[PDB]
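Taking the form deposited without its partner chain, here's one chain by itself in structure tokens.
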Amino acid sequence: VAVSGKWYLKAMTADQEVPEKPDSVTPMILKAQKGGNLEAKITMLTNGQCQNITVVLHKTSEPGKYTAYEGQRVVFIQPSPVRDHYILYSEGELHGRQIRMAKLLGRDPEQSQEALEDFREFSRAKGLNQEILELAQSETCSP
């Protein structure tokens, strides 16, 4: 598993308004599990509160394709042309609503203009035309 380890969630976009937008994010850890599954852990600062999220990504028979939220969501993990970056694209149900999302992951926290421009091209091609939000980063989350 190459996608294993420490990642920075640097940018996100979607097909719908996301009012669930964080104020800061901790690094994302993807832990490789039995049977090719991935456990994603991240902490988000939303409304003064540090919310710790854990999402298990269930491996399918298609490489790079995962399910989550008990099948209500399909997540595609694709490499960026730009080094040290990966793109998540997801479809299906989140919090009752049905939303398509893209997330830009990087090994490094440093902003990459090149990775962002590529993330824009990818996203707008998939018909995600909302704003691209580049997320504030913090190694820890403080109320």
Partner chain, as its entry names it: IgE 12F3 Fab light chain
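Positions refer to the first chain, counted from 1.
The discussion below concerns the form deposited with its partner chain bound, not included here.
Visitor: Is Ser80 near its partner chain? Define near as a heavy atom within 4.5 Å, in the entry with it bound.
Guide: It does: once its partner chain is placed as it appears in the entry with it bound, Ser80 has a heavy atom within 4.5 Å of it.
Visitor: Taking its partner chain as it sits in the entry with it bound, is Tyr89 in contact with it (heavy atom to heavy atom, 4.5 Å or less)?
Guide: Contact with its partner chain, no.
Visitor: I'd like to check something about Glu117: if you look in the entry with it bound, is any of its heavy atoms closer than or equal to 4.5 Å to a heavy atom of its partner chain?
Guide: Close contact is absent here: in the entry with it bound, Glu117 is far from its partner chain, nothing within 4.5 Å, heavy atoms only.
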